[PDB]
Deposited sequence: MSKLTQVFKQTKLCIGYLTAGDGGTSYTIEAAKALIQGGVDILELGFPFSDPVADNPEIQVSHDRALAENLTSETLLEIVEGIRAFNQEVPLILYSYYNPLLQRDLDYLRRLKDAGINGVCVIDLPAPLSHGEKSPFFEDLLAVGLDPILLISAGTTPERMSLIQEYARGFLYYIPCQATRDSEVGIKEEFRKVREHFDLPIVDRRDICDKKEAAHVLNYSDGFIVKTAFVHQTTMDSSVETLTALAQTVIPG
């Protein structure tokens, strides 16, 4: 409803930040800097102690955030600090399953109320059997959060059905050439925006990705920049050079 609105504009930039890396205040400052820099959707990482599906840069980022005492409670503070700045920009919570599995339905409602619009759970795949349901994806739908799912070329038709069941907002796509047609068949099957999940870090590749994808994600570059010079002005600047046009 808020993600669906933002994709009425075309060719969006998603920016990743690790919640709590540098502390609560810093995370809020960095998010402001990315928004002012033109980022259309914030992907806010719930840091996990064992993020085996993320590249080492993001692993060390998660380590920093947890050593600075990010909790399920200060994450709410962070989201509320962002929403005290901007209440239009969609917020995706990116997370491993366990920190959310250990919370309850009420925490999901508190996330929605704080400002979160979508939840991407990187190690919780949509159920394989056409019958079998997903307690957590059901819980997301029940409170109005958009489950942000990931599909591949080899996605079995059994997923396609159940992935279509729970997917809302937009779908991430992890491709392998004529990839443009490749995205169109996916996009027409789901009637949702399809975003290339690959890590973009320069303007040339972002413009390339947008030929066929409805957006691109800057996963590493922003986090890496906070380790070079953490002054958030350089995050605004980095966004402006990466986003085409």
In sequence order, what intervals of the deposited sequence carry no C-alpha positions?
1, 178-184
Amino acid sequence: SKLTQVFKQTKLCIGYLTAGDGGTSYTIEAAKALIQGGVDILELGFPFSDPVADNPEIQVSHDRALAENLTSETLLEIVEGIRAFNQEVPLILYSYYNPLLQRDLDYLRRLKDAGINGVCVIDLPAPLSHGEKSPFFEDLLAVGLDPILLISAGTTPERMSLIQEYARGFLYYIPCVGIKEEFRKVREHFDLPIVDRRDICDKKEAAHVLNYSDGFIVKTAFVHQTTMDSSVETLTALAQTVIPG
From here on, numbers count along this sequence of modelled residues.
Should the higher mean CA B-factor in the entry be assigned to 112-120 or to 131-139?
131-139
Could you check which stretch, 189-197 or 39-47, carries the larger mean CA temperature factor in the entry?
189-197
When the CA B-factors of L34, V52, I28, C176 are compared as recorded in the entry, which is the largest?
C176
By the entry's C-alpha temperature factors, tell me which of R159, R168, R83, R103 sits highest.
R159
Modelled-residue ranking by C-alpha temperature factor, third containing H62:
lowest
Here the Cα B-factor of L70, set against its chain, lands in the third termed lowest
So, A19's CA B-factor, relative to its chain, sits in which third? The lowest
Sorting the chain's CA B-factors, does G144 end up in the lowest, middle or highest third?
middle
Which third, lowest, middle or highest, does the C-alpha temperature factor of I151 belong to within its own chain?
middle
